[PDB]
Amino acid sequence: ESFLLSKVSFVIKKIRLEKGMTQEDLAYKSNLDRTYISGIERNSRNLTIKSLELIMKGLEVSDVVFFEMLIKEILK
């Protein structure tokens, strides 16, 4: 059960909630499917870098900021 993947999905959900988005909102902005967004947040599905990039765009967060948050989660 992948450590990094679980940190990545955690950061995605955390950012999503801060911005008050629904999964559907993020799906729309990400150009991804709602169910796949759920799969990622809930079941730690293994997304690609491209899909992560689209999600970062959809969440309206810079990659830099995203990875900064990600580093912070890993450090705990």
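Think of the rigid core as the biggest set of C-alphas that the two forms share within 1.5 Å after superposition. Numbering starts at 1 and runs along the sequence shown.
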| item | value |
| --- | --- |
| Between 24-32 and 42-50, the one whose CA atoms sit farther away in 6 other deposited structures of this protein (rigid core aligned) | 42-50 |
| Position of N43 among the chain's modelled residues by C-alpha B-factor, lowest, middle or highest third | highest |
| Third of chain Cα B-factors occupied by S62 | highest |
| Modelled-residue ranking by C-alpha temperature factor, third containing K19 | highest |
